[PDB]
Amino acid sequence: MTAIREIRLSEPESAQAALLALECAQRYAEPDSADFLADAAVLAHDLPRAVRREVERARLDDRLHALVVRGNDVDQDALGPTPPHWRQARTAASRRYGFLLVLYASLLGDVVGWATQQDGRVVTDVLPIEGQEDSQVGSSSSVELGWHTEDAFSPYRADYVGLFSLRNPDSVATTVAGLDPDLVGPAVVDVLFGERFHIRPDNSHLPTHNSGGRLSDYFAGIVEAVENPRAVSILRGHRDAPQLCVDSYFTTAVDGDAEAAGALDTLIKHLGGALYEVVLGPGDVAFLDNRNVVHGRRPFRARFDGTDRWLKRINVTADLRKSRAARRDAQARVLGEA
């Protein structure tokens, strides 16, 4: 019943969070500057105490779907037009929301990015792009973004996905679903626990969703995982509280495993119907527990006039150390630079 933990900020709590984000913007260049990220875990504890208490309850809730912090200050006039592409979305006016997303995120763990997503940016942008209407990436609009575990293919996938809504004039819903092990039966659960599935990287990790100047070798890891997926489970951990890892568009049973293929089909139908809506208004930030829920986004008509929906996105890990083989050096936060 607390699977969605909703914190509505008081005026003072919103004001204090804004002032802390603005102090960070005054000190540091980028919301993912190395010097800022080294300090971020400590700066995050200058957020309001009552908010930190509720975030800490969310962090240790192993059945959390989403923490939702409502009512951060967003100055729509100062923010200016929604950029027409993520590459142009590192705007002066939006920096403060980047810094604030990292401060909230750093209460839950350490922020990471992907060498193969939005040019290795840690703070990324979710906005509609002309020509991506019908794609299965974050910049889509007309076609529903299919539910998925974020970076489901990767052993380094985030523990939390952070989404800070700057603008959402048409109240477009984020979609969310967890797995009730009781409502699929221990038969299917036992199959979903088996290493009997292939989970391929999604299209956001491909050269078609990154700058052309990026090195071909960044993508070798991704292409290997498309061509030759490892046999993996969808469920793991305790039977009473199993972790979920599946992507509606990029998951298959291994060849000739009709029982695995059947279990996958049951899961898709179970998650598809159970899929429920969370609307992030301007100033609302959600942390999805990526171990527990799949997420997507409802279809919407983008106006492409500078007024469109705009989220900042971040990946959070409970354990930065575990991915050191995949990072350039100790402090580097970009997965797949090694």
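Each residue number is its position in the shown sequence, starting from 1.
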Which has higher Cα B-factors on average according to the PDB entry: 22-30 or 289-297?
22-30
Given 265-273 and 278-286, the range whose Cα B-factors average higher in the PDB entry:
265-273
Whose CA atom has the top B-factor in the entry, of 147, 164, 156, 218?
218
Residue with highest C-alpha B-factor in the PDB entry, from 181, 113, 138, 98:
181
Ranked C-alpha temperature factor of residue 334 among modelled chain residues, by third
lowest
Among all modelled residues of this chain, ranked by Cα B factor, put residue 39 in the bottom, middle or top third, i.e. lowest, middle or highest.
middle
Residue 302, C-alpha B-factor rank within chain (lowest, middle or highest third)
highest
Would you check the entry's CA temperature factor for residue 151 and let me know if it's in the chain's lowest, middle or highest third?
lowest
Chain-wide C-alpha B factor ranking for residue 238, given as lowest, middle or highest third
middle
